[PDB]
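The next block holds one structure in the form of structure tokens; read it before the comments.
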Amino acid sequence: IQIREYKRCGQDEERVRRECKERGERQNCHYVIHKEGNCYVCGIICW
Ligand SMILES: [Zn+2]
Ligand SMILES: [Zn+2]
């Protein structure tokens, strides 16, 4: 099992969330989005 994190700050929430979902989809893995204020961590989990 693997997890990679990608952080983005200063960007629009909907667009950052969409980037993450599509990242997970392209990789055929799973995503989560963890929000702290204006910063977002995209976690991509692959088995
Ligand atoms: Zn899976
Ligand atoms: Zn969270």
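Quick note: the sequence shown uses the numbering used here, first residue 53, plus one each step.
Cβ coordinates follow ideal geometry from the N, Cα and C atoms, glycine included.
| message | Just to confirm the assignment, what range does the beta strand (DSSP E) spanning residue 54 have? | response | Position 2 of the sequence shown holds residue 54. Unbroken beta strand (DSSP E) run through residue 54: 54-61.
| query | Just the Cα atoms here: how many angstroms apart are residue 68 and residue 92? | reply | Looking up residue 68 in the sequence shown gives position 16. Looking up residue 92 in the sequence shown gives position 40. Straight-line Cα distance between these residues: approximately 7 Å.
| said: I'd like to check one pair, residue 71 with residue 60: are the Cβ atoms closer than 9 Å? | reply: Your numbering for residue 60 matches position 8 in the sequence shown. Your numbering for residue 71 matches position 19 in the sequence shown. Their beta carbons are under 9 Å apart, which means residue 60 touches residue 71 by this criterion.
| field | Under the three-state DSSP convention, the category residue 89 falls into | value | As a first step, residue 89 must be located in the sequence shown, where it is residue number 37. Note: residue 89 maps to coil in three-state DSSP.
| Would residue 94 be called buried (16 or more neighbouring beta carbons within 10 Å of its own) or exposed? | For this step, residue 94 is matched to residue 42 along the sequence shown. Buried: at least 16 other Cβ atoms inside 10 Å.
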